[PDB]
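Asker: Chains as they are written, first to last, in the entry's author numbering: chain A, 1244 to 1341; chain B, 1 to 101; chain C, 1 to 205; chain D, 1358 to 1376; chain E, 846 to 945; chain F, 253 to 503; chain G, 9 to 158; chain H, 1 to 206.
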Amino acid sequence: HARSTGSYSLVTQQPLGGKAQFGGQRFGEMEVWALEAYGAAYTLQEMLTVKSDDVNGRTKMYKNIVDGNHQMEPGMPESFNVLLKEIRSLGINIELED
Amino acid sequence: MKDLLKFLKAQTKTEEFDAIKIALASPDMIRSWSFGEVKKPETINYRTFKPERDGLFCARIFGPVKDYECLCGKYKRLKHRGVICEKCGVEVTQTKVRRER
Amino acid sequence: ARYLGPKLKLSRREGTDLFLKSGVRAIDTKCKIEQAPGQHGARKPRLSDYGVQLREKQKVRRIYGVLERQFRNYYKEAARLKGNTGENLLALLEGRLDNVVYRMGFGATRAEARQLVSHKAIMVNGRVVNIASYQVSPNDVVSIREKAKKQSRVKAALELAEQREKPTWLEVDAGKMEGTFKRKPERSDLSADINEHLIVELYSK
Amino acid sequence: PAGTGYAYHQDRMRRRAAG
Amino acid sequence: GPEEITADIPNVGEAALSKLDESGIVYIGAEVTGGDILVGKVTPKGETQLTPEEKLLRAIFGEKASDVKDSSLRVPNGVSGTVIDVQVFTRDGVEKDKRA
Amino acid sequence: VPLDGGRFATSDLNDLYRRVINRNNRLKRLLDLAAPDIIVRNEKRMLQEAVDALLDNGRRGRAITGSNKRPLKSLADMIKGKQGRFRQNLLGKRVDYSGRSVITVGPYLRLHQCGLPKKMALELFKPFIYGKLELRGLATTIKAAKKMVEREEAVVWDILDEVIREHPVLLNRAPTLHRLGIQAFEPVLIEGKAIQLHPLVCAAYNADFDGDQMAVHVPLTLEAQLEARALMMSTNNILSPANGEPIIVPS
Amino acid sequence: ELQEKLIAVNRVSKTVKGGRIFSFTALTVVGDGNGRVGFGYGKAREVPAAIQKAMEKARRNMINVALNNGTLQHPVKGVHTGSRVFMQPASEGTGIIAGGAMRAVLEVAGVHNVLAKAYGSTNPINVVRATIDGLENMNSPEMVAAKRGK
Amino acid sequence: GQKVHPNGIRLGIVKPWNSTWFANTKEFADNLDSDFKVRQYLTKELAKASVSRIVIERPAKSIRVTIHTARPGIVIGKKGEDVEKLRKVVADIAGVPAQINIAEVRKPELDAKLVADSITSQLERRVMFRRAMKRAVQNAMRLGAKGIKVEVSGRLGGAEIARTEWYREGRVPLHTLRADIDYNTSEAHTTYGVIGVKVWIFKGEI
RNA sequence: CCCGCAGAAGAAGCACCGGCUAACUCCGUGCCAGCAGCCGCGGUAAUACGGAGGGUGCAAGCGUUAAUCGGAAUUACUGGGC
Ligand SMILES: [Zn+2]
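Right under this line is the structure:
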C-alpha cells in the first residue's frame, strides 16, 4: 500500500487508519526518538506538523512541491489545539499567553 | 472588501505564542466562552433532518451546518457574512466554527 | 387594509423566511422555500437592477405588514430626520408599536400583534392603544390590560420568544407583561440583513 | 532543541534578551 | 421516493452502459477494473422546481423521468477481477429487476 | 456515529452530556414545584454522579455494561488514552506520504540504496510527478497531470525516474528500539511489490525475511533531504551507536 | 475579491459578399468596495464568448480612486466623447444616485453615497468611462498639503 | 448541396463495409433487401439499446449480424431475453439460420451515430439546441479524439426560418481520404419540422 | 370616550404580465377579429389579439382621460451651441 494525500478524520485533522480509506502507516512515539537521536529536526517537524496534522500547513506545502519551491510553513498542528479545547471542557482554564 | 477580508484571515492565521498558562476556570470565565446555553437533551430533529432549535447540536448556538449560509435559508453566499439571522439567530460566516465553539 | 390572503408564498418570493408565520417547524419544507414561488418558480429567473431594488424593498415592507402608501410616508419622514436616511427608515418601522409588541414575547407574529393592539388588548404608558402605527418613543412602557393578561395565545407567544433572540435595546419582565423601551433600536442590532440603501435609492430617480 | 534545531533554538534564545 | 436500480445511469456514455445489462446490474462475463459500475445508480430526491431554464434542460436531456440522479455501487480503485456469480435479494412486496 | 448512514446514534460523550442535561432540567423544575428534602437531595445525588461520570468515570460504579460502548469514555479518558495523549499529539499518528510492504533481499543493489516498488514510487511521489510534468510541459495544468497519473501513461514513469534520482526514502522496521532502525537510502526502481532491503542493513535493524513488513517515508522539503542524506543515511551510519565496532557486517 | 458587473451588450452587424454577419459586444465594469475599477469591452460571435473577453480585459488596466468614507472627496467632474458626467459626494444615508453605467462603475469602486447625472450622450460605452475619468482626477485632500507645503 | 459523403468517399480505404458478403445478380436483388428489413427492425426493438452500427456477415445461408452498442447488457436480455428474440426474429426474414454477435462500443462519446441519435433525442426533450449541440457533444473532445464538427439543421427553436448551426473543435479535414472520420446523421421529428444533425468526429489521422 | 353582549360573523376590488417595466404558459384566432404611450404586434404552434390557469403591482380604492412641472443641459442665469 502507498498514499500521497486524500481522506482526513473529523476529530483531529489527521489521515485515516490504514488499508480502507487512506494508507496511514503510523509513525509512533519510538520512531520520534530515533529521529531525535540521529538529529533530524526538520524531518521530525514535517512528520508531526506539515505532512500530517496542520490543515493550513498541508495546503501550503502541497502547492510548494507542485511549483518546485519545497520548504515548509508548519504553524500549529491542530491536534494540540484539540487538547486545549478538551482541557477547557473539563474545568481547567488553559490558554496561549503572549 | 472580499480580497482584503480573505487576505486578513490568511495573514492573521500565522500567529505565534511564547508560553501556555493553566488555572482554574471561574463561573464568569466559563460564561465568557459560552454562546447560548444548552437547554434540551435532543441532538437533531428527525422530521426536517437538521440540528434541534436549542440542544447539544444547534445552529443558533455553536454554528451552522453550511459553509456560508443560514439554517432556514435567506442569508446565503460569501455576501452578508458578519450578520446574524432574525429567525434562528446564527452567524452566516462560520464553516469550521463548530470545531472551536 | 392588509392584503390578508395567503402568508407563506410572501416569504417564499423574496427568498429568505420572513416573520409572518412563527412557531414550530415551518421555514423550509411545509411550504418548500425556493421550489416554485408560484407556477414558474424553479427555472431560470434572471435578475435585473431595478428588481433587486424593488424586491428587497417589498421584503422589508411585507414584514412589518405595511402598505405602499403608508411605507412611502415613512421614507418622506426618514429624510427630514437629521441623519443617515437609510437607518432612519428602519428605526421608524422598528419603533412602531405593532412591532414593539411582537418583539416583546407577545404575539408569535407581528400580524397577530396587530389584533391585540386594535382590540384594545394592548396598553401603553398605562393607557390602551389600538393604533399599531403608534410611534413608541423611548421610556415607553408597554403591557396588557389587567383584564386580559392571563388570556391564552399571548402568554403562549412568549414561549418561543425564549428561542427568538431577546431584544437588547428594550427590557421586558416576561413575568407580568412588563415591556419597556430602553432606547431607540440601532441598526447595529436589528434582526435582519436588510439592504436599506436599495430602498432609499429606489425611492428616487 | 537538538541537532539542526539546536542552532535555531540558540539563535532564538539570544533574541529574547532585548526583543 | 424509492431509489431505483438505475435502468438508465446518469451522466455516463456508451462505454459504461455497454458493460451493464438492460437490468442495471453487471452482465455475466465482464472483466471489472478501475472504477466500473457494478449495480445501477439513481436517486429520487431533487427539488429543483420547474423553471423556464430547468424545463429546457429537462426537455433536452431527460434524466430517466424526474430531475434527480446520483449513484449506488461501483468497483473500488486499485482492486480488479472478473465476475463469476450475481445474487439479487428483493424485498417481500417489490416487483422482481430484469436479471432477478 | 451513523449505524446505517443517516440514523445517527448517540456517541459515548453525548450519552454522558444527555444525563447531565436531563438531571439539571429535572432538578431545576423540582425547585419551582417546591419538592420535599428527600427527593431534592436524591436528585442532587444523581446529578453528582452524572457530572462526575461525564468528567471522569473512575473510582465509582457508573456507565453502560458493554451494550455498544465497552467502558464509558469520559473527557478524562479522551485525554488519557493509554499514556496520556502521546499517540495523537506526541507521536503524530498516520502521517501523509508513507506506505508499507513485505521485505526482500536484492543483493544487486548498493550499500546506500533500496529497491523500492514502481507503483509505490508513483503514488508516494504524486505531487512531484505533477510538478515535473507541469514544468516539462507534457501536461497543460495540474488537472491534466492528475488525469495522466490516474490513467498511467508511459511518459509518467520516465518523469518519475528523474523525480526519484537524488531523493532519499526513510525506511523503518516495526520495533524501532535504536536509531539504526529508522534509516534512509537511495530509492531504486524495481518491478515487484516487495521492497528490497540490503543484507548488511538487516543486521542493525534486526528484520529477518519471514513475513516482516517495512514502512517507507518520502522525505519532503529541502532540509529533510539534506538531513536524511547526511545524518540518517545507510553509508554514514556504518559504526554502531552503543559499541565502537561496525554495525553493517557480514552475517 | 473583484466584483464584475455586466453593463449591457449589443449585437452589431457587418455586411459582406455572402451576406451579413453579426457579433455581440458587451461592456463590463469590475472593482472592489475599496477604490479600484476598470471597465472592459470585448466582442465575439457568441453572447457568452463576448463577455468573456471584456471581463479579462476588465480585470487588467484598472484604476485606483482616492475614495474617502465610502464616497468621493469632492464633487469631481469628467467628460469623454459626447458624454458629460458630473459626480458629487453626499453624507452617509444617500444610496448610489446614478443612471446606468455610472451607477454600476461606482457600485464596484467602493462608492456608497453619490448623485451624478449624464448630460451628453447616454451611450454606455462612453458614460462608463466619462465617470472613471472623473474619479481618476478626484484630488484627495491629502498630498495637496505636500503639493504646496515644503 | 456540394459535399461528398465523408464515409462512402472512403469506403475503399480506412473504412470497412457495414455489410460484407458475396452474391450474384440472382439473389443479390433480394439479398440487400432482407438486410434492410432485418437491420431496420433491429433498431425498432432496440432504439434505446444505444446501438451504433450493425454489420452483416454472410458465408452461406447463415448471416452473422453484429449489433455494436454502448449498452451491451440491455441488448443482451435477461440472460437470454434480447438475444433469443432477435436471433429468432431473423427467421423467415431471411429464411436462413441467422446468428447474432453483439459488439461493445468503447467510449460512446466518440462514435458518430450515438453522438447524433443522442443530441436529436435531447432536442425532442424540449432542450436548447445550442447547449446540447455544444456541451452535450463537446465530450467527444474530453475522452480524446482530435476534432469534431457538429451540425444542426433549421427550424431550431420557435422560428419559421430554418437555420443551420456550426460549432466545431480541433480539426476535421474531411478533404483527406487518409484522414478517416466518423460521420453519421440523425433526425428529430418535433412539434414542427425535422431538425436534422450531422456528426463529424475526426478520430486521429491515417 | 368607557363598560358589556352575539358571533368570523357584516366588509375586496382594479390595472397589468414583449422591451422600457416588477409579473408566462395553454387554448382559440390566422394581417381576420382586434391591440397600440413609443418601437411595434396579428397572414397556423402569438409571453403583445381574446379567454383561461398562474404571477406582478396597488388597495377602498384601481385604471383611463384631461392638464402644469419633471425628465429636457431640448431657450442652456446656474447650464448649450454656429
Ligand atoms: Zn435563518
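The beta-carbon is built from N, C-alpha and C at its ideal position, and this holds for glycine as well.
Can you tell me whether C70 of chain B sits near ligand 1, meaning its C-beta is under 6 Å from at least one heavy atom of the ligand?
Answerer: Yes; taking the cut-off as 6 Å, the Cβ of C70 of chain B has a heavy atom of ligand 1 nearer than that.
Asker: To which residues does DSSP link residue 117 of chain B through a beta bridge?
Answerer: Given a span of 1 to 101 for chain B in the structure shown, any question on residue 117 of chain B remains unanswerable.
Asker: With DSSP collapsed to three states, give me the class of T893 of chain E.
Answerer: coil
Asker: Just checking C85 of chain B against ligand 1 - is the residue's beta carbon closer than 6 Å to any of the ligand's heavy atoms?
Answerer: yes
Asker: By Cβ distance below 7 Å, which residues in the same chain neighbour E876 of chain E in space, the five residues on each side in sequence not counted?
Answerer: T927
Asker: So is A480 of chain F buried or exposed if we call it buried at 16+ other beta carbons inside 10 Å?
Answerer: buried
Asker: Anyone know if the C-beta pair for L343 of chain F and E1272 of chain A falls short of 7 Å?
Answerer: Their beta carbons are under 7 Å apart, which means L343 of chain F touches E1272 of chain A by this criterion.
Asker: With H, G and I counted as helix, E and B as strand and the rest as coil, what does DSSP make of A111 of chain C?
Answerer: helix
Asker: Using the Cα positions of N134 of chain G and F47 of chain G, report the straight-line distance between them to the nearest angstrom.
Answerer: 11 Å
Asker: Which residues bound the alpha helix (DSSP H) around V401 of chain F?
Answerer: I394 to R403
Asker: Whose C-beta lies closer than 6 Å to the C-beta of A59 of chain B among residues of the same chain, with five residues either side of it excluded?
Answerer: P51, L71, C88 and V90
Asker: Along chain A, in chain order, which residues have C-beta atoms closer than 8 Å to that of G1376 of chain D?
Answerer: In chain order: nothing, as chain A lies at least about 12 Å away.
Asker: Give the residues of chain C in contact with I104 of chain G, contact being defined as C-beta atoms less than 9 Å apart.
Answerer: Within 9 Å Cβ-Cβ: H197 and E201.
Asker: Taking C-beta to C-beta, are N72 of chain G and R44 of chain G nearer than 7 Å?
Answerer: yes
Asker: With C-beta atoms as the reference, is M110 of chain G less than 7 Å away from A124 of chain G?
Answerer: yes
Asker: Measuring CB to CB, does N121 of chain G end up less than 7 Å from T79 of chain G?
Answerer: Cβ distance < 7 Å, so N121 of chain G and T79 of chain G count as in contact.
Asker: Is the CB-CB distance between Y382 of chain F and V1254 of chain A below 7 Å?
Answerer: no
Asker: Can you confirm whether the stretch 71–83 of chain C touches the stretch 117–125 of chain C when touching is taken to mean that 3 or more C-beta pairs between the two stretches lie within less than 8 Å?
Answerer: no
Asker: Have a look at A328 of chain F and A436 of chain F and give me their C-alpha separation to the nearest angstrom.
Answerer: Straight-line spacing of the CA atoms in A328 of chain F and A436 of chain F works out to 39 Å.
Asker: According to DSSP, which residues form a beta bridge with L1339 of chain A?
Answerer: B:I20
Asker: Would you grab the beta carbon distance between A860 of chain E and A70 of chain H for me? Rounded to a whole angstrom, and I think it's under 8 Å.
Answerer: 6 Å
Asker: What are the uninterrupted segments assigned as beta strand (DSSP E) that are 3 or more residues long and contained completely in the stretch 13–76 of chain H, given in chain order?
Answerer: 51–55 and 66–69
Asker: Excluding sequence positions up to five away, which residues of its chain have a Cβ less than 7 Å from the Cβ of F35 of chain B?
Answerer: Spatial neighbours of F35 of chain B in its own chain (CB-CB distance under 7 Å, excluding positions within 5 residues in sequence) are listed in chain order as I61, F62 and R101.
Asker: Contact criterion: CB-CB distance below 7 Å. Does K2 of chain B meet it with respect to chain G?
Answerer: yes
Asker: May I ask which residues mark the beginning and end of the alpha helix (DSSP H) holding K85 of chain G?
Answerer: It is not in any alpha helix (DSSP H) - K85 of chain G instead sits in the beta strand (DSSP E) that spans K85 to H88.
Asker: Does the pairing of the stretch 132–144 of chain C with the stretch 170–190 of chain C give three or more beta-carbon distances under 8 Å?
Answerer: yes
Asker: Can you pull the chain C neighbours of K890 of chain E, defined as C-beta to C-beta under 7 Å?
Answerer: Close to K890 of chain E, with beta-carbon spacing below 7 Å, lies no residue of chain C; the smallest spacing is near 12 Å.
Asker: Name the chain C residues whose beta carbon is nearer than 7 Å to that of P897 of chain E?
Answerer: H40, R43 and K44
Asker: Is the Cβ-Cβ distance between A58 of chain G and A66 of chain G less than 7 Å?
Answerer: Not closer than 7 Å, so no.
Asker: Taking 7 Å as the threshold (beta carbon to beta carbon), is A910 of chain E in contact with chain H?
Answerer: no
Asker: So is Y1281 of chain A in contact with chain F if we call contact Cβ pairs under 7 Å?
Answerer: Contact of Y1281 of chain A with chain F is assigned, a C-beta pair being separated by under 7 Å.
Asker: My guess is that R61 of chain C and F71 of chain C are in contact by the Cβ rule of under 8 Å, so how many angstroms apart are they, rounded?
Answerer: 5 Å
Asker: What residue from F:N320, F:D264, F:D460 and F:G444 has the CA that sits closest to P427 of chain F's CA?
Answerer: F:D460
Asker: Ligand 1 and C88 of chain B: does any heavy atom of the ligand fall closer than 6 Å to the residue's C-beta?
Answerer: yes
Asker: Can you tell me which of G:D141, G:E150 and G:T23 puts its alpha carbon nearest to the alpha carbon of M95 of chain G?
Answerer: G:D141
Asker: Could you check where the alpha helix (DSSP H) with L342 of chain F kicks off and where it finishes?
Answerer: Premise fails: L342 of chain F is in no alpha helix (DSSP H) and is neither H nor E.
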